[PDB]
$ cat upload.cif   # mmCIF, C-alpha atoms and all ligand atoms
data_input
#
loop_
_atom_site.group_PDB
_atom_site.id
_atom_site.type_symbol
_atom_site.label_atom_id
_atom_site.label_comp_id
_atom_site.auth_asym_id
_atom_site.auth_seq_id
_atom_site.Cartn_x
_atom_site.Cartn_y
_atom_site.Cartn_z
ATOM 1 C CA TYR A 14 19.751 -28.784 25.626
ATOM 2 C CA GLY A 15 21.107 -29.993 22.268
ATOM 3 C CA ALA A 16 23.808 -28.560 19.985
ATOM 4 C CA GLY A 17 21.042 -26.566 18.283
ATOM 5 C CA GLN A 18 19.749 -24.587 21.279
ATOM 6 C CA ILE A 19 23.352 -24.037 22.398
ATOM 7 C CA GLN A 20 24.270 -22.259 19.139
ATOM 8 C CA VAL A 21 21.069 -20.155 19.251
ATOM 9 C CA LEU A 22 21.870 -18.930 22.776
ATOM 10 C CA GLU A 23 25.512 -18.215 21.863
ATOM 11 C CA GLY A 24 24.191 -16.313 18.827
ATOM 12 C CA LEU A 25 21.954 -14.115 20.996
ATOM 13 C CA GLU A 26 24.834 -13.398 23.393
ATOM 14 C CA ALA A 27 27.045 -12.327 20.456
ATOM 15 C CA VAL A 28 24.491 -9.911 18.969
ATOM 16 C CA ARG A 29 23.791 -8.272 22.344
ATOM 17 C CA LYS A 30 27.537 -7.989 23.091
ATOM 18 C CA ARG A 31 28.312 -6.060 19.858
ATOM 19 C CA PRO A 32 24.990 -4.705 18.489
ATOM 20 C CA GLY A 33 26.676 -2.036 16.320
ATOM 21 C CA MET A 34 28.513 -4.635 14.202
ATOM 22 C CA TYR A 35 25.095 -6.068 13.225
ATOM 23 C CA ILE A 36 22.993 -2.909 12.816
ATOM 24 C CA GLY A 37 25.583 -0.103 12.392
ATOM 25 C CA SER A 38 25.068 1.690 15.715
ATOM 26 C CA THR A 39 22.769 1.835 18.752
ATOM 27 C CA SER A 40 21.881 5.488 18.074
ATOM 28 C CA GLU A 41 18.548 6.702 16.645
ATOM 29 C CA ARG A 42 19.803 5.434 13.246
ATOM 30 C CA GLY A 43 20.240 1.917 14.650
ATOM 31 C CA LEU A 44 16.790 2.016 16.267
ATOM 32 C CA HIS A 45 15.218 2.771 12.877
ATOM 33 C CA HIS A 46 17.323 0.017 11.218
ATOM 34 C CA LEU A 47 15.337 -2.553 13.263
ATOM 35 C CA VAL A 48 12.234 -1.596 11.297
ATOM 36 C CA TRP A 49 14.055 -1.988 7.957
ATOM 37 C CA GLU A 50 15.358 -5.422 8.916
ATOM 38 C CA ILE A 51 11.787 -6.665 9.474
ATOM 39 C CA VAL A 52 10.264 -4.801 6.506
ATOM 40 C CA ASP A 53 12.955 -6.126 4.109
ATOM 41 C CA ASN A 54 11.652 -9.665 4.795
ATOM 42 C CA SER A 55 8.144 -8.642 3.653
ATOM 43 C CA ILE A 56 9.567 -6.890 0.561
ATOM 44 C CA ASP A 57 11.474 -10.077 -0.429
ATOM 45 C CA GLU A 58 8.293 -12.128 0.013
ATOM 46 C CA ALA A 59 6.459 -9.677 -2.294
ATOM 47 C CA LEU A 60 9.244 -9.769 -4.896
ATOM 48 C CA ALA A 61 9.119 -13.588 -4.696
ATOM 49 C CA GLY A 62 5.493 -13.231 -5.862
ATOM 50 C CA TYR A 63 3.619 -14.079 -2.630
ATOM 51 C CA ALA A 64 2.748 -10.733 -0.991
ATOM 52 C CA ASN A 65 1.579 -7.258 -2.016
ATOM 53 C CA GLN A 66 0.601 -5.417 1.199
ATOM 54 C CA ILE A 67 2.813 -4.248 4.056
ATOM 55 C CA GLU A 68 1.707 -2.286 7.101
ATOM 56 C CA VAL A 69 4.032 -0.639 9.610
ATOM 57 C CA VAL A 70 2.423 0.722 12.788
ATOM 58 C CA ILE A 71 4.069 2.778 15.507
ATOM 59 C CA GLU A 72 2.035 1.611 18.486
ATOM 60 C CA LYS A 73 1.720 2.953 22.040
ATOM 61 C CA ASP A 74 5.045 3.088 23.957
ATOM 62 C CA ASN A 75 6.959 2.839 20.652
ATOM 63 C CA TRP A 76 6.220 -0.768 19.853
ATOM 64 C CA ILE A 77 6.481 -1.450 16.138
ATOM 65 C CA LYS A 78 4.077 -3.798 14.333
ATOM 66 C CA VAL A 79 4.850 -5.045 10.826
ATOM 67 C CA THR A 80 2.158 -7.006 8.954
ATOM 68 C CA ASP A 81 2.326 -8.583 5.501
ATOM 69 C CA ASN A 82 0.009 -10.790 3.438
ATOM 70 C CA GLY A 83 2.725 -13.222 2.346
ATOM 71 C CA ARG A 84 2.704 -16.992 2.909
ATOM 72 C CA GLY A 85 3.471 -16.725 6.634
ATOM 73 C CA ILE A 86 6.719 -17.931 8.206
ATOM 74 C CA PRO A 87 6.497 -21.758 8.249
ATOM 75 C CA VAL A 88 5.711 -23.577 11.504
ATOM 76 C CA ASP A 89 6.719 -27.143 10.525
ATOM 77 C CA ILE A 90 9.105 -28.990 12.821
ATOM 78 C CA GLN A 91 12.582 -28.521 11.432
ATOM 79 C CA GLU A 92 15.214 -31.209 10.813
ATOM 80 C CA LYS A 93 18.198 -29.285 12.213
ATOM 81 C CA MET A 94 16.670 -27.918 15.443
ATOM 82 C CA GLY A 95 13.632 -30.159 16.042
ATOM 83 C CA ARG A 96 11.687 -26.915 16.602
ATOM 84 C CA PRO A 97 9.137 -24.966 14.551
ATOM 85 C CA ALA A 98 10.787 -23.189 11.598
ATOM 86 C CA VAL A 99 9.450 -19.813 12.766
ATOM 87 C CA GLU A 100 11.119 -20.230 16.167
ATOM 88 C CA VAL A 101 14.474 -21.059 14.560
ATOM 89 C CA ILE A 102 14.281 -18.051 12.201
ATOM 90 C CA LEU A 103 13.266 -15.537 14.883
ATOM 91 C CA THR A 104 15.726 -16.801 17.538
ATOM 92 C CA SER A 128 18.476 -15.974 14.987
ATOM 93 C CA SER A 129 16.968 -12.521 14.232
ATOM 94 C CA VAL A 130 19.079 -9.503 15.217
ATOM 95 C CA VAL A 131 15.846 -7.531 15.741
ATOM 96 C CA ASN A 132 14.631 -10.177 18.196
ATOM 97 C CA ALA A 133 17.959 -10.277 20.084
ATOM 98 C CA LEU A 134 17.923 -6.456 20.452
ATOM 99 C CA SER A 135 14.254 -6.210 21.476
ATOM 100 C CA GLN A 136 13.139 -6.361 25.109
ATOM 101 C CA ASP A 137 9.977 -8.044 23.773
ATOM 102 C CA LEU A 138 8.980 -9.459 20.393
ATOM 103 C CA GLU A 139 5.803 -11.225 19.270
ATOM 104 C CA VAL A 140 4.953 -13.143 16.114
ATOM 105 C CA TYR A 141 1.554 -14.130 14.767
ATOM 106 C CA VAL A 142 1.680 -16.373 11.699
ATOM 107 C CA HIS A 143 -1.446 -16.805 9.574
ATOM 108 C CA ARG A 144 -0.959 -20.116 7.760
ATOM 109 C CA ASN A 145 -2.794 -23.439 7.218
ATOM 110 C CA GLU A 146 -6.026 -21.571 8.170
ATOM 111 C CA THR A 147 -4.548 -21.252 11.664
ATOM 112 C CA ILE A 148 -3.069 -18.390 13.705
ATOM 113 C CA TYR A 149 0.159 -19.377 15.490
ATOM 114 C CA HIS A 150 1.719 -17.241 18.225
ATOM 115 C CA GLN A 151 5.080 -17.050 19.986
ATOM 116 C CA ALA A 152 6.695 -14.388 22.164
ATOM 117 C CA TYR A 153 10.329 -13.699 23.001
ATOM 118 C CA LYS A 154 12.412 -11.502 25.317
ATOM 119 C CA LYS A 155 15.899 -10.540 24.120
ATOM 120 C CA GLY A 156 15.518 -13.368 21.582
ATOM 121 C CA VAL A 157 14.594 -16.050 24.132
ATOM 122 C CA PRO A 158 11.260 -17.821 23.509
ATOM 123 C CA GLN A 159 8.856 -17.368 26.432
ATOM 124 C CA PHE A 160 6.717 -20.399 25.510
ATOM 125 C CA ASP A 161 6.354 -22.968 22.709
ATOM 126 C CA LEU A 162 4.650 -21.825 19.498
ATOM 127 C CA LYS A 163 0.902 -21.945 20.256
ATOM 128 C CA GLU A 164 -2.207 -22.137 18.050
ATOM 129 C CA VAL A 165 -4.471 -19.284 19.213
ATOM 130 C CA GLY A 166 -7.225 -19.174 16.587
ATOM 131 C CA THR A 167 -8.199 -19.595 12.941
ATOM 132 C CA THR A 168 -7.967 -17.461 9.806
ATOM 133 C CA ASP A 169 -8.792 -17.379 6.099
ATOM 134 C CA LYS A 170 -5.727 -15.295 5.155
ATOM 135 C CA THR A 171 -2.006 -15.930 5.138
ATOM 136 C CA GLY A 172 0.700 -13.608 6.416
ATOM 137 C CA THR A 173 3.133 -12.665 9.138
ATOM 138 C CA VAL A 174 2.679 -10.146 11.935
ATOM 139 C CA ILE A 175 5.717 -9.051 13.945
ATOM 140 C CA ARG A 176 5.424 -6.749 17.008
ATOM 141 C CA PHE A 177 8.606 -5.631 18.789
ATOM 142 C CA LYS A 178 9.752 -3.221 21.478
ATOM 143 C CA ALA A 179 13.380 -2.096 21.151
ATOM 144 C CA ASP A 180 15.612 -2.908 24.116
ATOM 145 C CA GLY A 181 16.455 0.271 26.063
ATOM 146 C CA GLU A 182 19.562 -1.496 27.441
ATOM 147 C CA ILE A 183 20.871 -1.596 23.859
ATOM 148 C CA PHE A 184 19.382 1.643 22.488
ATOM 149 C CA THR A 185 20.489 3.839 25.362
ATOM 150 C CA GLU A 186 20.161 7.240 23.615
ATOM 151 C CA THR A 187 16.541 6.852 22.476
ATOM 152 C CA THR A 188 13.804 4.289 21.815
ATOM 153 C CA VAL A 189 11.389 6.857 20.279
ATOM 154 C CA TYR A 190 10.674 6.577 16.551
ATOM 155 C CA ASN A 191 10.559 9.569 14.177
ATOM 156 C CA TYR A 192 7.511 9.420 11.879
ATOM 157 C CA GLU A 193 9.206 11.451 9.120
ATOM 158 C CA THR A 194 12.218 9.110 9.140
ATOM 159 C CA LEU A 195 10.036 6.001 8.681
ATOM 160 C CA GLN A 196 7.809 7.826 6.186
ATOM 161 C CA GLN A 197 10.649 8.930 3.862
ATOM 162 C CA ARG A 198 12.059 5.407 3.544
ATOM 163 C CA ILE A 199 8.645 3.690 3.384
ATOM 164 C CA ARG A 200 7.670 5.987 0.504
ATOM 165 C CA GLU A 201 10.983 5.218 -1.219
ATOM 166 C CA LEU A 202 10.494 1.455 -0.788
ATOM 167 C CA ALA A 203 7.052 1.709 -2.410
ATOM 168 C CA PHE A 204 8.501 3.808 -5.242
ATOM 169 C CA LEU A 205 11.359 1.328 -5.795
ATOM 170 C CA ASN A 206 9.130 -1.768 -5.523
ATOM 171 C CA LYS A 207 6.127 -0.760 -7.619
ATOM 172 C CA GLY A 208 2.892 -2.669 -6.962
ATOM 173 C CA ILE A 209 3.488 -3.204 -3.235
ATOM 174 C CA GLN A 210 1.049 -1.279 -1.044
ATOM 175 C CA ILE A 211 3.023 0.003 1.954
ATOM 176 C CA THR A 212 1.161 1.762 4.765
ATOM 177 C CA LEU A 213 2.595 3.634 7.762
ATOM 178 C CA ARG A 214 0.425 4.562 10.728
ATOM 179 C CA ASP A 215 1.273 6.307 14.011
ATOM 180 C CA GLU A 216 -1.069 5.219 16.831
ATOM 181 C CA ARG A 217 1.082 6.483 19.749
ATOM 182 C CA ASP A 218 -1.458 9.264 20.412
ATOM 183 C CA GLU A 219 -4.900 7.667 20.056
ATOM 184 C CA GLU A 220 -6.550 11.117 19.905
ATOM 185 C CA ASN A 221 -4.516 12.054 16.811
ATOM 186 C CA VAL A 222 -3.666 9.204 14.434
ATOM 187 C CA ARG A 223 -1.628 9.808 11.280
ATOM 188 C CA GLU A 224 -1.473 7.445 8.303
ATOM 189 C CA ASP A 225 0.297 7.554 4.929
ATOM 190 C CA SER A 226 -0.328 4.847 2.306
ATOM 191 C CA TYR A 227 1.903 4.333 -0.726
ATOM 192 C CA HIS A 228 1.097 2.236 -3.767
ATOM 193 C CA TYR A 229 2.948 2.993 -7.000
ATOM 194 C CA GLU A 230 1.632 1.588 -10.294
HETATM 195 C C1 LIG B 301 7.543 -9.685 8.564
HETATM 196 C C2 LIG B 301 8.102 -10.942 7.966
HETATM 197 N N1 LIG B 301 7.629 -11.542 6.846
HETATM 198 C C3 LIG B 301 8.379 -12.661 6.603
HETATM 199 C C4 LIG B 301 8.159 -13.581 5.497
HETATM 200 O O1 LIG B 301 7.239 -13.344 4.720
HETATM 201 N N2 LIG B 301 8.961 -14.667 5.361
HETATM 202 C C5 LIG B 301 8.727 -15.624 4.276
HETATM 203 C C6 LIG B 301 9.991 -16.453 3.980
HETATM 204 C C7 LIG B 301 9.634 -17.582 3.000
HETATM 205 N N3 LIG B 301 8.596 -18.401 3.656
HETATM 206 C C8 LIG B 301 8.473 -19.742 3.294
HETATM 207 N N4 LIG B 301 7.330 -20.151 2.746
HETATM 208 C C9 LIG B 301 7.114 -21.406 2.384
HETATM 209 C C10 LIG B 301 8.094 -22.356 2.583
HETATM 210 C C11 LIG B 301 9.306 -21.981 3.165
HETATM 211 C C12 LIG B 301 9.508 -20.657 3.537
HETATM 212 N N5 LIG B 301 10.694 -20.299 4.110
HETATM 213 O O2 LIG B 301 11.747 -20.691 3.644
HETATM 214 O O3 LIG B 301 10.726 -19.591 5.099
HETATM 215 C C13 LIG B 301 7.323 -17.686 3.802
HETATM 216 C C14 LIG B 301 7.560 -16.509 4.753
HETATM 217 C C15 LIG B 301 9.332 -12.769 7.600
HETATM 218 C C16 LIG B 301 9.149 -11.670 8.447
HETATM 219 BR BR1 LIG B 301 10.182 -11.273 9.983
HETATM 220 MG MG MG B 302 -5.372 -27.178 14.782
HETATM 221 MG MG MG B 303 -0.522 -3.743 -5.517
#

$ encode --input "upload.cif" --output "structure tokens"
Amino acid sequence: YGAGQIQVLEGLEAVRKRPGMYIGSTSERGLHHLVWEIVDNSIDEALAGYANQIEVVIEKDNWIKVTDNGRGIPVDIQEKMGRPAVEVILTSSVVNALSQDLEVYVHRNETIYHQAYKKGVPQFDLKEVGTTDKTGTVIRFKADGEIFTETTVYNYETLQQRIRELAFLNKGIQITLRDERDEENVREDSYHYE
């Protein structure tokens, strides 16, 4: 209703109108860029000194799940928007705007908080769903086929090459890639340079 929500909605419209100006293209390259946008957040949180494990999973139907053991995206009610910080951050995310569905689970304050979105729009208010003794952020997203019209299927080797490189370039971070798309044949590569 307020000036805040208005700018968020205009922001989503702008990203979906010209996706290639935000992520380079809507080809297979652009699809893979979505993963790097999320993963780069976890890398920064590790470099800041608050995380050291990152897991990227290619799930059934080419959902992507990214999990870190950082502090967790904050959930406190923000001054600007009057909404949880996590909601504000994710409603301005290009990955969220270009995903048909996105989910977040924040582990923080010994609590698990959950919110879901479609094309960047929150589907309900941030909800406490359980408790935890760890901190971290889990992001699950499904790329929007309306945007990524060529393909929404990830290439394991493409993710693997860059994930390995990230681990090599950011020594000490454990980065794991797992492909669960075929439950009968699951592949996993784990990188941890010392
Ligand atoms: C997958 C993933 N991980 C993160 C992440 O770790 N974000 C950090 C950003 C800094 N955070 C903060 N922590 C404490 C106070 C204020 C903060 N902040 O400014 O967001 C913790 C989460 C964002 C996303 Br997608
Ligand atoms: Mg509570
Ligand atoms: Mg380590």

$ residues_around --input "upload.cif" --residues "segment 149-153 of chain A" --least-positions-apart "4" --cutoff "9 Å" --atoms "all atoms listed in the file" --output "PyMOL selection string"
chain A and resi 88+99-100+103-104+132-133+135-144+157-167

$ residues_near_ligand --input "upload.cif" --ligand "ligand MG 303 (chain B)" --cutoff "12 Å" --atoms "all atoms listed in the file" --output "PDB file with C-alpha atoms, in the coordinates of the input"
ATOM      1  CA  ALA A  59       6.459  -9.677  -2.294  1.00  0.00           C
ATOM      2  CA  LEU A  60       9.244  -9.769  -4.896  1.00  0.00           C
ATOM      3  CA  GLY A  62       5.493 -13.231  -5.862  1.00  0.00           C
ATOM      4  CA  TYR A  63       3.619 -14.079  -2.630  1.00  0.00           C
ATOM      5  CA  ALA A  64       2.748 -10.733  -0.991  1.00  0.00           C
ATOM      6  CA  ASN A  65       1.579  -7.258  -2.016  1.00  0.00           C
ATOM      7  CA  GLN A  66       0.601  -5.417   1.199  1.00  0.00           C
ATOM      8  CA  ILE A  67       2.813  -4.248   4.056  1.00  0.00           C
ATOM      9  CA  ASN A  82       0.009 -10.790   3.438  1.00  0.00           C
ATOM     10  CA  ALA A 203       7.052   1.709  -2.410  1.00  0.00           C
ATOM     11  CA  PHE A 204       8.501   3.808  -5.242  1.00  0.00           C
ATOM     12  CA  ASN A 206       9.130  -1.768  -5.523  1.00  0.00           C
ATOM     13  CA  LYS A 207       6.127  -0.760  -7.619  1.00  0.00           C
ATOM     14  CA  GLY A 208       2.892  -2.669  -6.962  1.00  0.00           C
ATOM     15  CA  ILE A 209       3.488  -3.204  -3.235  1.00  0.00           C
ATOM     16  CA  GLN A 210       1.049  -1.279  -1.044  1.00  0.00           C
ATOM     17  CA  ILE A 211       3.023   0.003   1.954  1.00  0.00           C
ATOM     18  CA  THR A 212       1.161   1.762   4.765  1.00  0.00           C
ATOM     19  CA  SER A 226      -0.328   4.847   2.306  1.00  0.00           C
ATOM     20  CA  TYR A 227       1.903   4.333  -0.726  1.00  0.00           C
ATOM     21  CA  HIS A 228       1.097   2.236  -3.767  1.00  0.00           C
ATOM     22  CA  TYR A 229       2.948   2.993  -7.000  1.00  0.00           C
ATOM     23  CA  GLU A 230       1.632   1.588 -10.294  1.00  0.00           C
TER      24      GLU A 230
END

$ atom_distance --input "upload.cif" --atom1 "atom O3 of ligand LIG 301 (chain B)" --atom2 "atom CA of residue 98 of chain A"
7.4 Å

$ closest_residue --input "upload.cif" --among "A:102, A:77, A:174, A:148" --to "ligand MG 302 (chain B)" --atoms "all atoms listed in the file"
A:148

$ resolve_selection --input "upload.cif" --expression "the PyMOL selection byres (((not hetatm)) within 6 of (chain B and resi 301))" --output "PyMOL selection string"
chain A and resi 51-52+54-55+58+79+83-87+173-175

$ atom_distance --input "upload.cif" --atom1 "atom CA of residue 76 of chain A" --atom2 "atom CA of residue 179 of chain A"
7.4 Å

$ residues_around --input "upload.cif" --residues "residue 21 of chain A" --least-positions-apart "4" --cutoff "7 Å" --atoms "all atoms listed in the file" --output "VMD selection string"
chain A and resid 17 25 104 128

$ closest_residue --input "upload.cif" --among "A:46, A:223, A:155, A:217" --to "residue 29 of chain A" --atoms "only C-alpha atoms"
A:155

$ closest_residue --input "upload.cif" --among "A:53, A:169, A:146, A:26" --to "ligand MG 302 (chain B)" --atoms "only C-alpha atoms and all ligand atoms"
A:146

$ resolve_selection --input "upload.cif" --expression "the PyMOL selection byres (((chain A and resi 184) around 9) and not hetatm)" --output "list in words"
residues 38, 39, 40, 41, 43, 44, 134, 179, 180, 181, 182, 183, 185, 186, 187 and 188 of chain A

$ atom_distance --input "upload.cif" --atom1 "atom CA of residue 172 of chain A" --atom2 "atom CA of residue 20 of chain A"
28.1 Å

$ axis_aligned_box --input "upload.cif" --around "segment 16-26 of chain A" --padding-each-side "5 Å" --output "JSON"
{"center_x": 22.6, "center_y": -21.0, "center_z": 20.8, "size_x": 15.8, "size_y": 25.2, "size_z": 15.1}
